[PDB]
Amino acid sequence: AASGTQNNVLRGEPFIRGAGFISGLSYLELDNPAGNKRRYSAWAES
Amino acid sequence: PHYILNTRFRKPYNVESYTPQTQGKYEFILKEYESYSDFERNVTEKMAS
């Protein structure tokens, strides 16, 4: 008899508040926890 | 005069104020779950007389 249970409940909710450049760092969430450097500088300028 | 993104705009007579606001919040909730189950039963019997 072999029994196995797997559960990976990983979630997030970034709060990024430039109107247009909001989407970038917030949607970069897939498999990229750390935000891009150049994208962060662009959002800072925006 | 009205300025939005280095562009000169016009405010009509009926609109009180139209100001771009940042107001950004996104949520991303991912779920992962797996379940395994296995069963095996060997049975053998022999009799000789």
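What the table shows:
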read-out	value
Solution diffusion estimate, µm²/s, Stokes-Einstein, chain A, Kirkwood Rh from C-alpha pairs, 37 °C, viscosity 0.692 mPa s	256 µm²/s
Angstrom value of the Kirkwood radius, inverse mean 1/r, which spans all Cα pairs in the protein assembly as shown	19.2 Å
Order of B:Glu16, B:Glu27 - criterion: other Cβ atoms within 10 Å of each residue's Cβ, fewest first	B:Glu16, B:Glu27
Residues of type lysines that B:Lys25 reaches as a straight line, Cα spacing below 21 Å, ignoring anything fewer than 8 places off in the same chain	A:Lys37
Proximal charge balance of A:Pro14 [Cβ under 15 Å; K/R count +1, D/E count -1]	0
Rounded, prolate or oblate (a/c below 1.5 giving rounded, otherwise prolate when a/b exceeds b/c) for chain B by Cα gyration tensor	prolate
Pairwise label distance in nanometres, A:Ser46 with A:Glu13, each label 7 Å out on the Cα-Cβ vector	2.2 nm
Part-to-part distance (alpha-carbon centres) for segment B:1-36 and segment A:7-46, which is given in Å	15 Å
Charge dipole (debye, nearest 20) of chain B; +1 at Cβ of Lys and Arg, -1 at Cβ of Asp and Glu	660 debye
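Virtual Cβ from ideal backbone geometry, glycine too; neighbours counted across all protein chains shown. Here, each number is a calculation from the coordinates, and none is a lab measurement.
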